[PDB]
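Protein chains in written order, with the entry's author numbering: chain P, 4 to 63, 63A, 64 to 144, 14A, 145 to 200, 202 to 204, 20A to 20B, 205 to 216, 21A to 21B, 217 to 218, 21C to 21D, 219, 21E, 220 to 239; chain R, 9 to 123, 12A to 12G, 125 to 144, 14A, 145 to 180, 18C to 18E, 184 to 202, 205 to 209, 20A to 20B, 210 to 233, 235 to 244; chain Y, 1 to 105, 10A to 10B, 106 to 181, 183 to 211; chain X, -1, 1 to 90, 90A to 90B, 91 to 105, 10A to 10C, 106 to 181, 183 to 193; chain S, 4 to 60, 63 to 180, 18A to 18F, 183 to 204, 206 to 207, 2B to 2E, 210 to 233; chain T, 5 to 180, 18A to 18F, 184 to 199, 201 to 206, 20B to 20C, 207 to 218, 21A to 21C, 219 to 241; chain O, 4 to 102, 10A, 103 to 147, 14A, 148 to 200, 202 to 209, 20A, 210 to 217, 21A to 21B, 21D to 21P, 218 to 236; chain Q, 7 to 62, 62A, 63 to 143, 14A, 144, 14B, 145 to 180, 18A to 18D, 182 to 203, 206 to 243. Virtual Cβ for every residue (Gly too), placed ideally from N, Cα, C. Have a look at the structure below before the remarks.
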Amino acid sequence: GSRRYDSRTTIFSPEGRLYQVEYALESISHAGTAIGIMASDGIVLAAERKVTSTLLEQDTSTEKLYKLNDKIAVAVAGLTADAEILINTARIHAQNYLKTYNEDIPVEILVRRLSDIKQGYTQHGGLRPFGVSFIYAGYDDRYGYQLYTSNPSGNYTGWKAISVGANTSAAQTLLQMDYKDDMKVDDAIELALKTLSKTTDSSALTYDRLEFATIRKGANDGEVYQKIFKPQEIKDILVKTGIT
Amino acid sequence: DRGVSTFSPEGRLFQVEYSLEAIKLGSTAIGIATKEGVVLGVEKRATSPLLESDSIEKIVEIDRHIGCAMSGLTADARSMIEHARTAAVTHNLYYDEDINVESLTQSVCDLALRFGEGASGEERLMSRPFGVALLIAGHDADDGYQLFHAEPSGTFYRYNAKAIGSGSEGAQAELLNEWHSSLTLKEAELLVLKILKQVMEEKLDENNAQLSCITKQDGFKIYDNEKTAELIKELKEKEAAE
Amino acid sequence: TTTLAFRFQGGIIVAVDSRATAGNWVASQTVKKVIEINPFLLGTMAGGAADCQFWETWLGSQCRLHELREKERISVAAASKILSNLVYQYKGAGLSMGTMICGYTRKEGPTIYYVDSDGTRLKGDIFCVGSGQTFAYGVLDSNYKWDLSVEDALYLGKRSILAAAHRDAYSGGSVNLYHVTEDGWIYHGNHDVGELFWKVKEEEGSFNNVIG
Amino acid sequence: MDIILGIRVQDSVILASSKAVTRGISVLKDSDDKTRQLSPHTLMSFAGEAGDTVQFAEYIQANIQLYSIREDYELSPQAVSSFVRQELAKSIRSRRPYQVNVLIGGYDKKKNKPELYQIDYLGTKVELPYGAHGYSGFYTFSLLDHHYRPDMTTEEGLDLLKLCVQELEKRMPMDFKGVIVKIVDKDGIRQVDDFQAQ
Amino acid sequence: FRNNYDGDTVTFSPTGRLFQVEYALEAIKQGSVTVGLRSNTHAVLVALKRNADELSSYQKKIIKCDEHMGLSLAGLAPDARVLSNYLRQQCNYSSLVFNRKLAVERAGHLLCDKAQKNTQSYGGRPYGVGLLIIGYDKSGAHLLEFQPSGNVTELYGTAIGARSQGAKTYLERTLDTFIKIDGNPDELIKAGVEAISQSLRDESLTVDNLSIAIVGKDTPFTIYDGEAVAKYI
Amino acid sequence: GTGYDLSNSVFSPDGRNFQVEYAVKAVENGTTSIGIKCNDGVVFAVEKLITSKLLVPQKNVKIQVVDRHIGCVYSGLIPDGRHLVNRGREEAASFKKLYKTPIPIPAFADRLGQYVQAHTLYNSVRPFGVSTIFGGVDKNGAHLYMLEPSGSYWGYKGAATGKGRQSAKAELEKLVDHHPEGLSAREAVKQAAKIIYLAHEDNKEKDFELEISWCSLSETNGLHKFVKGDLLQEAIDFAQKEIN
Amino acid sequence: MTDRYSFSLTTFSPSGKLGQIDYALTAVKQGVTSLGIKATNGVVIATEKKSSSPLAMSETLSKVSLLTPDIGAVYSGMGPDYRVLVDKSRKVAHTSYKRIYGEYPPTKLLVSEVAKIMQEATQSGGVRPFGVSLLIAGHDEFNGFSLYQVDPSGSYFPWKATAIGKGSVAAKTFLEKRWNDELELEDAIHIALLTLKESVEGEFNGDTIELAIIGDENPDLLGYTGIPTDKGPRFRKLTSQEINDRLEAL
Amino acid sequence: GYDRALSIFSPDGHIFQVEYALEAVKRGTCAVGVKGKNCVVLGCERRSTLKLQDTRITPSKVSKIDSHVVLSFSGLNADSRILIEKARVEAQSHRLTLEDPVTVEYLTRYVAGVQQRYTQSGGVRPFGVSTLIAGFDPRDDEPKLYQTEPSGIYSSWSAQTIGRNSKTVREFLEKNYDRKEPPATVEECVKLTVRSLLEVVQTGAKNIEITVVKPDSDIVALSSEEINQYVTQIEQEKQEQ
Ligand SMILES: *C[C@](*)(O)[C@H](Cc1ccc(O)cc1)NC(=O)[C@H](CC(C)C)NC(=O)[C@H](CC(C)C)NC(=O)OCc1ccccc1
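Quick look at the structure:
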């Protein structure tokens, strides 16, 4: 029969580890670094575009920052395609919740559902896990600003600042070094850019190799605003923070 | 790899055999059938002094005239007992009478070989055999008191006495000598209690061992600690007596 | 059918008739409209014979499994809800049964539950179910006191079913009595209306209409 | 039908529900509580088809409770009613719909305002100062359309109800055996055990 | 070799063998012995019941499929149950639908076809049991030998199991003798017990150890055990 | 590498399907059987090894009929042969039911053809362990066919398979040459009995039992019937005579 | 029978690689070169018609396919996989978009659809990834002209110009030199023809080349008249003739 | 369509996948539970491989199945959610049909069966999780503490622990818990719990969380301080000698 070619993707190693998850994570480790820093007045999401070219259309591009809801967005690290599959089903869950309760879906609720889907490919079905790790940046009237992270295993946790993808250990140390509870969005924006700048496997940290987004509650309003910086906007903020 | 329902060159089913190995590592269980009832006793075998010994349920009631003891992967026995209980009650609903001890056993054994990955015969959706063996003891108007040994092989045997689990081959030999067609219930109780004492690693007391029986008059009952403790005492005495 | 069950100081009384019809044809005057689920659980039957008999017998099997599974007597509340939920699954299919589930668990004490094929499940102290429920209610309602002797309660019951057996063309035969204490139910015999009527008439002076 | 009334005052929501349960020619019970507590601050009254009534109520109760434990949070009255409407709206187009009409009254601890929702078995939802299901509405809407003020106290609300219940006892053909009243405010749900003569 | 072609039934060896089927057959041999022989008026099944301990029973080896048919098992008990049961339905069906008793020859074809299915599809395992079917139909007495391979044969007499080779030679000799035990049941049976003992060695056929079944002209398939066979030991 | 012979639908480097070839082995290892096409019908005959004196003579039949005009005989794993006939039988009923007319021999051939070929497409099934010779008379003549485990089949004047397929084929070839005008049903029946006797030499160790059947537009009215009694003996002798 | 291959044929190796995706890419690397350049008023995609025999008719084999009237695709890798992809793409353009909104899908979404299909052949049970890389060029009212590349992994990215297949590296470099955000469609067509010449060993003419554009609307290719709003398809395949004419100005 | 038998027997009679599931439990952070005379306490340790989390929203280790029952575990987090969910649903279903909340043994028996089931079903691996389920049966005051494991086995403990170094801390409890006189107080019960955790947590004020369950759905978790106060007083028990 076919049992001969079955990799048994959902089994335990003698050490009680899930081969595929571990290898999926190994894959994630070579993905462009993504950073999420949560301040008092907002959340910041910054990501490094893995591989680019002169000819690459950065205007129409998106490979790391996706909008899930109007109050929730994610930073991707891993297989873009895999990420999109989960992004879309994630977007649906949000809408079902809305249509059912006439209220936007609480950030954790959405994160758990998506993580549960992942955990599934971990325990049954004989299919490979998704090679994706997410940093969720959202806001809800119960916990306000929230930052989460999920990976191939289906495990998820909340952070003040966090990184995924390549050189996370380095980036985490640098973040754990300059983060301060009372921070401010603009501060985090800078902390974020610096961190990436010191962990990049590239020469310099130029705008064309970045994706930036912030979730603020614009004082002159009273509601939440998601802003996904445009090439030009990134180039500016890049110079200002002193990286020209 | 190799089919979960494959045959060894010696004409045996690997999974069923390996299944038996697991049962050998199980806690001892003994059954004695007499013309005054059948006795079932088991070794609790708590793994730590903190474990509340009476939360260990290795002897269960199928119906008022049928009870059973298990040995091996006891978690596997839950669905078996469930199936058994249902079969008993169901039979009663359809026929207004008690399910014959043999029939009940036959029914449980029917689940035995229902395992595989696509075994062409029905819809045997179970990944592996059961890792437990059962001693089904009961009574019915047609064949009186009976003791049965139900294995993961699907086959079941009837015994006058039988021991399964870690100290089985040992205890089995004991039963060979000790058993006679005119044992009294009390004799059989002590007997089981004695044989458990030999095979058990721990010193047998009314806490790491449990007795029970089934008699036409009051059906299946599980002896509460006090009742057993005294039989323990009564045994030490008859032994010291020579 | 006429059946009743009521709670009082001395527990629960349960009385039923024993007549079975098919149109105007009196098919039987010797029917057991009470099923003893177990030592402390009684179920009464009003409506369609097959429906009640079958499903209540089935209820019994369900109660047994609960006890084997949980090693404890099933509550009167849960026993009734099982029948109720089952009957509800068939809602609209035509099942016809007006049931009463009486018992005595230490946790609920004396308890009576009304359960019918509409899916209605009600807890109460007094209930009369059947083509003759109104006749029973008339007699029962006007002589009920929480403080009745187990002897009087028993009589009132018997007398109420008698009442119905007289006026309701679809009720009659004999009266079957039961008493529920926390020591279980206690059968209190079968009383043929053929003789019970005259006796009660004489000894009571009621049924003052009929010429005897 | 049965009597199902709801009235939202200043800081609470009051629900009045008839106590009779009649089948055929007999009034089987006169102390029926045609209500279920969905959450600490949300109460739902219901009326309609014999079986569907409680089955639905309890089914909804179970779901809300499960949500509460899963999220360790109490859904807002608005959210709960949206959930219930969707349920009924699914039912109406199923093999055998639930023939149940409900009133959902709750106290929104986040907005600190009571809310009253009327939803019929078709999945028709609407929020109101006061509402009712069945024939009752035919007497009580104009009654309240007259004697109702938004700033009324819970006490003024109960007098307003009494006024309704009296009008219903006077003109309605059926004997509904009085009502059971319950108050939903910032401190949960409590039942006025003294309405049989308040 | 073999080791690489015995993983499952769906695999053929380079020589054309189905090892899994073969290993199944091997379970028959490990099984207790049983014998069947028929005259022109009757057919008899003499089976040696095997016991685990001296405290255990001698597991029943004769199953009745219908008033006119029955069989003896050598190998995995569960599989015999499955197969006997299937045969019981086929017999039942034939009666209910056509009001006709099932031809023993046809019961054989049904068994072969059912076994064959578990030897050509992935996942399944062959049946690990041998069967001897006896019966009286519209063409007299009949005896069938069923092999898990799917091969079913009609004989005058035969045996399967451990040391079964003894009884089989004896009957291949006694042939002309028992084949004429017409009208006399006790003789055909005795003739059988004398064939089954030709495969003993360990012990001698006791009372609670011998099992005989018979069917014929005016004998509805019936099974005798214990006291009932005492007069044959 | 190797191992191309462990899974049924696999192609070996030289484009073969080893599992099918191994099936053939099982066939060659079986009893011999043949088929002779004559001027208005066909004859089938097969060897029946008498394993013992216990085998009730004439009972254990092998040749099978499909519908009322098709005769089938096979060498190899008998159970597999029955399976193939059961199918053919349904295949035939289905055809008749829709078209009224009983299934043409060629049409029937492809039915078995396609079905057998089917068992060489997936690794979840085993190929057929039999070669089958079948045929009959239809709207236009008599047709003789032989089907291989590969599902391959062709029309034959004479055909044989099993242990002594060579002896047989040898004989058959003689007949074809010494009878360019066409053999007769009566003739073929004897000729067949002979060829089985000759071809029995490659197994001369065990005693056998002859079995013949035929379908002749004149001798059987186009229906498949078994050769019994007198006509059987007459042919048994015709062989017994020329075997010496 | 029954597909008993219900498990993934593409899995993560200890190193973190997804072998089959890699190998699929290797397959693409071997494929004939193909490219695409985006001008300010059009897009051009082209490749080589590597006839597999002089007896074969190269026309009966288009490597450049129209998905919607404003979207065309070309590839590099395993032709057959491409063919079925174009079919699925053409259909999904209807089922998931036209049949819902009454208008053809914008380039990015259709590409997103194709990418989805490919992603699944990377995870679904019992299948191998697609052995192709596509270059899809189109135009939609709110996004203008666009060019995308879709890989076996299911990943896709927008380009100003790029090439895939055999001499992609070399060709990509040649493009970076000649591209600018002011190129006119003809300028790109020219540049396209130049870049392609380096990747061709033999004959380089309108019969050995396949080139199509996404430019202005062709009311002449609409097939009917009478509806002002309907102006014609923006996708047009250049004729063997129209190519040669530009080759003489090469 | 995927039904490969992943949990099967090996020659020695072991189901390696279930075995390896336990290895995943050994790896998980530690968890412990000790029952008092009128309560039950559940303590768990907090990893520190990465510290910079947001304690407010990061999922806590002790979960409520119903208002009167809690479940803590050691092993794969993802896996536990699946079990918690099922337990919670069964909890509501049981109330809905029996008109009475589940008993701790019942809820435990249910969770255990789900686990057992995943050990002999095709295409699925066992739960790399072991649990401690505790609470008070409806209208009862006698505390209940149970534990389950990948195999599907389950039983009650006077006190028990699972997870890394559970070995160590079990010893502590074996020679620190007298069934004769169980922690007659919520306070001395919570102390016995932290003491046992300190044996392994190695000074972790923020690396230790305790939850206290009393009769009648009275459940509450302690804050850093309240716990830290227990740590402080305990370290003095040591130094004062
Ligand atoms: C008066 C009570 O309803 C009584 C309850 C009962 C319970 C158990 C048993 O075994 C008998 C009776 N049932 C009946 O009187 C009921 C008549 C009315 C619906 C009350 N009768 C039937 O259920 C009848 C009983 C048979 C004689 C067993 N079964 C039925 O098929 O009758 C329908 C009918 C057919 C034709 C003409 C009119 C009615």
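Less than 6 Å separating the Cβ of R/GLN211 from some heavy atom of ligand 1?
Taking 6 Å as the cut-off, the C-beta of R/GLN211 does not count as close to any heavy atom of ligand 1.
Ignoring anything shorter than 3 residues, give me the beta strand (DSSP E) runs that lie fully in the region 152 to 193 of chain P, in order along the chain.
The region 152 to 193 of chain P is shown to contain whole beta strand (DSSP E) runs of 3 or more residues at 157 to 159, 162 to 165, in chain order.
Taking the straight line between their C-alpha atoms, what separation do you get for Y/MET45 and Y/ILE13?
Taking the straight line joining both Cα atoms gives about 15 Å.
For O/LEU194, collect the residues of the same chain with a Cβ closer than 7 Å to its Cβ; drop the 5 residues on either side in sequence, then sort them by chain order.
For O/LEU194, where only same-chain residues beyond five positions count, the Cβ hits under 7 Å are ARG232, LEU233, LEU236.
Cβ of T/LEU58 within 7 Å of any chain S Cβ:
Chain S contact via Cβ: present.
Beta-carbon neighbours of Q/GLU18D, restricted to chain R and to distances below 9 Å
Under the 9 Å cutoff, chain R gives no residues; its nearest Cβ is about 15 Å from Q/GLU18D.
Continuous beta strand (DSSP E) assignments of at least 3 residues falling wholly in the region 10 to 44 of chain O
For the region 10 to 44 of chain O, whole beta strand (DSSP E) runs of length 3 or above, ordered along the chain, are 37 to 41.
Would you mind telling me which residues of chain S sit closer than 9 Å to P/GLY133, beta carbon to beta carbon, in chain order?
Simply none; closest approach about 32 Å.
Within chain Y, the residues that X/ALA49 reaches when beta carbons sit closer than 7 Å
Within chain Y, the residues whose beta carbon sits less than 7 Å from that of X/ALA49 are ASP116, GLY117, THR118, listed in sequence order.
Cβ-based neighbour list, T/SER216, same chain, cut-off 6 Å, excluding 5 preceding and 5 following
Within the same chain, T/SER216 has close Cβ partners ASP44, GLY45, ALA186.
Identify the contact partners of T/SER128 in chain O, using a Cβ-Cβ distance below 8 Å as the criterion.
Close to T/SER128, with beta-carbon spacing below 8 Å, are these residues of chain O in chain order: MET4, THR5, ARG7.
In chain order, what residues of the region 56 to 74 of chain R put their CB closer than 8 Å to some CB of chain Q?
Legend: CB atoms of the region 56 to 74 of chain R lying less than 8 Å from CB atoms of chain Q belong to residues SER56, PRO57, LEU58, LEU59, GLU60, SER63, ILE64.
Taking the DSSP output, what are the residues bridged to Y/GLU180?
Y/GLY183, per the DSSP bridge assignment.
Where does the unbroken beta strand (DSSP E) through Y/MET97 begin, and where does it stop?
Residues 97 to 105.
Check whether the region 164 to 177 of chain P and the region 9 to 25 of chain P touch, using three or more Cβ-Cβ pairs below 8 Å as the test.
Under the Cβ criterion (8 Å, minimum of three pairs), the region 164 to 177 of chain P does not count as touching the region 9 to 25 of chain P.
Can you list the residues of chain X that P/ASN71 reaches, using a CB-CB cut of under 9 Å?
Correct list: empty, because the minimum Cβ distance to chain X is about 17 Å.
Look at S/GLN121 and R/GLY19 and say whether their C-beta atoms are less than 7 Å apart.
No, the Cβ-Cβ distance between S/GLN121 and R/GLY19 is not below 7 Å.
Counting Cβ pairs closer than 8 Å, one from the region 84 to 92 of chain P and one from the region 159 to 174 of chain O, do we hit at least three?
Counting Cβ pairs under 8 Å, fewer than three are found: no touch.
Can you check whether the CB of X/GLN36 is closer than 7 Å to the CB of X/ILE184?
Going by C-beta atoms, X/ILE184 is nearer than 7 Å to X/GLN36.
Heavy atom of ligand 1 less than 6 Å from the Cβ of S/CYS70, yes or no?
Checking every heavy atom of ligand 1 against the Cβ of S/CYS70, none is found closer than 6 Å.
Between the region 95 to 107 of chain Q and the region 157 to 167 of chain Q, are three or more C-beta pairs nearer than 8 Å?
Inter-segment contact for the region 95 to 107 of chain Q and the region 157 to 167 of chain Q is absent: fewer than three beta-carbon pairs are separated by less than 8 Å.
Identify, in the order they occur along the chain, each residue of the same chain with its Cβ nearer than 6 Å to the Cβ of Y/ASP145, setting aside the five sequence neighbours on each side.
Within its own chain, the residues whose Cβ lies closer than 6 Å to the Cβ of Y/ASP145, once the five positions on either side in sequence are excluded, are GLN9, listed in chain order.
So, at 8 Å on beta carbons, what are the nonlocal neighbours of Y/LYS10B in its own chain, with the 5 sequence-adjacent residues on each side left out?
Contacts found: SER75.
Is there a Cβ of chain Y sitting closer than 7 Å to that of Q/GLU95, yes or no?
It does not: the Cβ of Q/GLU95 has no partner Cβ on chain Y nearer than 7 Å.
Assigned exposure category for R/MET88 - 16 Cβ within 10 Å defines buried
Per the 10 Å Cβ criterion, buried.
When you check each C-beta in the region 107 to 127 of chain O against every C-beta of chain Q, which residues fall closer than 9 Å?
Among the residues of the region 107 to 127 of chain O, those with a Cβ less than 9 Å away from any Cβ of chain Q are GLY127, in the order of the chain.
Sorry if obvious, but does the Cβ on Y/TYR168 come closer than 6 Å to a heavy atom of ligand 1?
Judged by the Cβ position, Y/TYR168 qualifies as a neighbour of ligand 1 at the 6 Å threshold, a heavy atom of the ligand being closer than this.
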